[PDB]
Amino acid sequence: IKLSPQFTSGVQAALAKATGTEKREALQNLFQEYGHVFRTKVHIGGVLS
Amino acid sequence: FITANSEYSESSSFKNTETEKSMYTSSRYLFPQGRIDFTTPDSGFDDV
């Protein structure tokens, strides 16, 4: 899986901040907008309960 | 030479019934399609 260029650019910009707290807040925003986990194995079908 | 008689019979009765009933039904059919997001300037994303 290739990461989308926008996410990689966001990570680079977050790590480009001057101070550690700015980096941390930028990373928090980025992962709030992009997610913290990615599903790498998924089962397809239909379930009724 | 004389006889006398008296009788007194008294009765009382009372009955009281109270009935209360309550019923409530709640049905909810929720059929989503998804979520739509708009980007706030504070997000910093180019699509805003």
Side-chain angles (χ1 to χ4, degrees):
Chain A
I1 54 176
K2 300 184 291 294
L3 290 171
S4 79
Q6 288 81 17
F7 176 73
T8 289
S9 304
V11 174
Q12 301 262 298
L15 295 183
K17 295 285 179 279
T19 74
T21 310
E22 292 171 293
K23 300 176 197 283
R24 284 180 175 88
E25 290 280 15
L27 285 176
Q28 284 300 316
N29 296 350
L30 189 73
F31 291 125
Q32 274 302 112
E33 269 275 7
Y34 271 97
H36 312 94
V37 302
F38 184 69
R39 304 170 287 170
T40 41
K41 286 183 167 62
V42 295
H43 293 251
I44 307 297
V47 54
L48 181 66
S49 304
Chain B
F1 62 100
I2 200 165
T3 62
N5 297 270
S6 311
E7 290 185 351
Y8 169 82
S9 62
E10 153 188 37
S11 57
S12 179
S13 182
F14 150 88
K15 190 175 184 180
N16 175 56
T17 309
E18 311 286 299
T19 306
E20 296 285 329
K21 304 192 183 204
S22 179
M23 177 272 282
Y24 86 81
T25 310
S26 290
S27 295
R28 183 179 175 85
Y29 308 74
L30 172 65
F31 288 72
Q33 294 297 330
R35 189 189 73 235
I36 287 164
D37 298 346
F38 294 96
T39 308
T40 287
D42 283 354
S43 279
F45 282 79
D46 58 344
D47 60 286
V48 64

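Numbers restart at 1 for each chain; the letters A, B, ... are given by sequence-line order, proteins then strands. Basis for what follows: all heavy atoms, side chains included, without hydrogens, waters or symmetry-related copies.
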Nearest heavy-atom neighbours spanning B:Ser43 and A:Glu33: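 Nearest heavy atoms, B:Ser43 then A:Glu33: OG-OE2, 3.4 Å.
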Exercise: identify the closest heavy-atom pair between A:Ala14 and A:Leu27: CB-CD2, 3.7 Å
With B:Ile36 via side chain to side chain contact (heavy atoms under 4.5 Å, CB included) - residues at least two apart: B:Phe38
Residues forming a side chain to side chain contact (heavy atoms under 4.5 Å, CB included) with A:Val37, sequence neighbours excluded: none
CA sep, side-chain torsions, deciding dist, call: B:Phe45, A:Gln6, side chain to side chain contact (heavy atoms under 4.5 Å, CB included): CA-CA 10 Å; B:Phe45 282 79; A:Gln6 288 81 17; over 6 Å; no
Same cluster (ILVMFWY, side-chain, under 4.5 Å), A:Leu3 and A:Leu15: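 Cluster IDs for A:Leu3 and A:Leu15 match.
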A:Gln28 atom CD: more than 12 heavy-atom contacts under 6.0 Å: no
A:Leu48, CG atom: more than 12 neighbouring heavy atoms under 6.0 Å: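 No - once you tally the heavy atoms of other residues, nucleotides and ligands closer than 6.0 Å, there are 12 at most.
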Working to the nearest 0.5 Å, report the span between [atom1] of [X] and [atom2] of [Y].
X: A:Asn29; Y: B:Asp42; atom1: CG; atom2: CG; value: 9.0 Å
X: A:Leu30; Y: A:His36; atom1: CG; atom2: NE2; value: 9.5 Å
X: A:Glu25; Y: A:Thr19; atom1: CD; atom2: OG1; value: 9.5 Å

Pairs meeting criterion salt bridge (charged side-chain N to carboxylate O under 4.0 Å, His left out) with involvement of residues 2-21 of chain A, two or more places apart: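 As it turns out, there is no salt bridge (charged side-chain N to carboxylate O under 4.0 Å, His left out) pair with a partner in residues 2-21 of chain A once direct neighbours are skipped.
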